[PDB]
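Inspection log for the structure reproduced underneath, given as structure tokens.
Nothing in this text is a laboratory measurement; each read-out follows from the coordinates by a stated rule. Cβ: placed from backbone, ideal geometry, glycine included. Neighbour counts: every protein chain shown.
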Protein chains: 12
Amino acid sequence: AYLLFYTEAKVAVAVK
Amino acid sequence: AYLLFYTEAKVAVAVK
Amino acid sequence: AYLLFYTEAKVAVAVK
Amino acid sequence: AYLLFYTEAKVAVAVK
Amino acid sequence: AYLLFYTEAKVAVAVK
Amino acid sequence: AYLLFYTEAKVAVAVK
Amino acid sequence: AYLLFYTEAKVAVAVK
Amino acid sequence: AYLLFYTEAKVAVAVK
Amino acid sequence: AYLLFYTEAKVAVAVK
Amino acid sequence: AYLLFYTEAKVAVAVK
Amino acid sequence: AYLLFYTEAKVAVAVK
Amino acid sequence: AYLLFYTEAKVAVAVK
Ligand SMILES: [Cl-]
Ligand SMILES: [Cl-]
Ligand SMILES: [Cl-]
Ligand SMILES: [Cl-]
Ligand SMILES: [Cl-]
Ligand SMILES: [Cl-]
Ligand code: NA
């Protein structure tokens, strides 16, 4: 898996 | 803010 | 676990 | 020049 | 935003 | 500018 | 040797 | 302080 | 492929 | 191979 | 081993 | 400052 960044704006991180 | 890694095992990432 | 940059395009962080 | 990781998502390397 | 490694020790990733 | 990666196979680097 | 970021949390740089 | 990669070539770490 | 910081001296980014 | 940087004028990156 | 950033003030680096 | 790597054998790190 890798770290997925996404914008909420502010940066947030998910794991895929 | 900074990236906080934490284990649930698997690593998860929060933004503090 | 290791935090390893990679690219197959942009870069991502793998969790190993 | 600095090599600065950033994200707007994947990561990219800015050159400053 | 930039992803900047930093230390005050341990190392952390700042989001700026 | 930032470093752009592309497939040429081997990874190759350009600048945008 | 590689310089590999890792986390067990903050991060650290492994020498492999 | 930030740990910033840079290049003048190989790379290097600046402590700012 | 992975982008791995590497040194034997200065640091380089290995493509693996 | 390694990422080879050169500062020519914008930075340029070769794969050696 | 791992790189240890510590205080001596100035930061210092030990290969632990 | 910047991190200087030199071999004394084992590699030593100095902050210059
Ligand atoms: Cl934890
Ligand atoms: Cl805190
Ligand atoms: Cl680990
Ligand atoms: Cl900054
Ligand atoms: Cl520009
Ligand atoms: Cl410097
Ligand atoms: Na969310």
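What to note about this one:
- Remark on E:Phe5: its backbone amide H falls under 5 Å from those of E:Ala14, H:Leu3, a criterion applied only to residues 5 or more positions apart or on other chains, H modelled at 1.01 Å from N.
- Going from the fewest other Cβ atoms within 10 Å to the most, the residues I:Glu8, L:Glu8 appear in the order L:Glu8, I:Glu8.
- Over the protein assembly as shown - Rg/Rh using Cα atoms and the Kirkwood inverse-distance radius: 0.94
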